[PDB]
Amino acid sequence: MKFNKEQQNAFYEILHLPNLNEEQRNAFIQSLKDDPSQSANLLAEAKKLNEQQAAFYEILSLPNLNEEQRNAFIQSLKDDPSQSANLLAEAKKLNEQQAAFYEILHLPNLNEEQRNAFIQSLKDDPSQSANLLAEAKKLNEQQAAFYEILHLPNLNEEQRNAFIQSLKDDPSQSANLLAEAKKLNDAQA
């Protein structure tokens, strides 16, 4: 009973699954050699095992996880690998939320009252992290435009004060005003 094209492809794909050690790979290959008619499920299992382990590795790559939380996720994944996907989601979720903390804490152009508002508001409900982070960034970039137009070397005071005043009036036009200031600055080198 040789292999049909389907069993041949299950064989091939199992042979090329990246995160399987040699003992797992050989076990699957010998079980496939003994009873090829299980190929399909032996593939699925070999795929499932392959992705659980991939979850492992992704947990080990998230930059804003400290090693406590990380080893908690790792050990929980060794205790029951079935739930790997749920664990992985939580691993990413917490990571991004902590990423939100980090960035918001280090935004150069927020005065510390706005920052303390963003962080406290992030501690209250972490689920809003993304929505909050953008709010921080957008706010940062807009205040950043002010000091930027303040310190462009080749501007004179009426140019500066027209851009600044126009930025004070309508901050959402920052990207335009800034982009008009820069171009004018290079115009007056």
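Numbering starts at 1 and follows the sequence shown.
Once the C-alpha B-factors are averaged per stretch, 129-137 and 58-66 rank with 129-137 first. Once the C-alpha B-factors are averaged per stretch, 1-9 and 179-187 rank with 1-9 first. Of the candidates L43, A144, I29, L150, the deposited coordinates give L150 the top C-alpha B factor. Ranking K33, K123, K47, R160 by Cα temperature factor from the entry places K123 first. The deposited CA B-factor of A89 belongs to the highest third of values across its chain. Among the modelled residues of its chain, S82 has a C-alpha B-factor that falls in the middle third according to the deposited record. When the modelled residues of the chain are ordered by C-alpha B-factor, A99 sits in the lowest third.
Annotation for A117: C-alpha temperature factor in the highest third relative to the rest of the modelled chain, per the entry. Sort the chain's modelled residues by C-alpha temperature factor and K168 lands in the highest third, per the entry.
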